[PDB]
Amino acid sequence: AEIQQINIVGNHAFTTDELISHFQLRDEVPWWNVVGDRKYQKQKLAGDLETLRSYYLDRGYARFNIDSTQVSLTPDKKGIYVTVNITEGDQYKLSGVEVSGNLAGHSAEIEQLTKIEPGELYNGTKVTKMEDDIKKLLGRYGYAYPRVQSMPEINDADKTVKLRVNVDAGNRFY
């Protein structure tokens, strides 16, 4: 069976067309890629939901949520419908970044990695890359498996997000 439609409901900031353009699943094979098909796969759907999530999170929408998804078959069993139901929420700006935990005495260098451009939108991928910068920094002092977790503290009145970042440097390795 082939995907007849990939529909998004609740998307007012971006067109359905722009959003699903970034998906692995297709309800339409574009002329410029021959390899593509309209076959459904569970794993691909899961990946596409993360793509969609990141699409909004990278663009400031800290409260973005996928409310539900439906997959259905047509009665003749030849067609598949995919529907993603979302609540966008508003755009959020970064107020601050607080870092805590086992920093192995590198607080200062770490704090200079968590600087904020004034008036910066929350960006999910930028948070991940900040985490990665911290891991590499600790990696340069022997700590081969540091753990970092970032929890967004959301202020719906201010439309601001404060990042609370926990760091555990872990074992030093020779």
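Start at 1 and count along the sequence shown; that's the residue number.
- Between the stretches 50-58 and 104-112, it is 104-112 that shows the larger average CA temperature factor.
- The deposited model assigns a higher average Cα B-factor to 139-147 than to the other stretch when 61-69 and 139-147 are compared.
- Ranking 25, 19, 161, 9 by Cα temperature factor from the entry places 161 first.
- Split the chain's modelled residues into thirds by C-alpha temperature factor. Residue 117 is in the highest one.
- Sort the chain's modelled residues by C-alpha temperature factor and residue 76 lands in the lowest third, per the entry.
- Remark: residue 128 belongs to the lowest third of its chain, ranked by C-alpha B-factor as recorded.
- In this PDB entry, residue 29 carries a Cα temperature factor that places it within the middle third of its chain's modelled residues.
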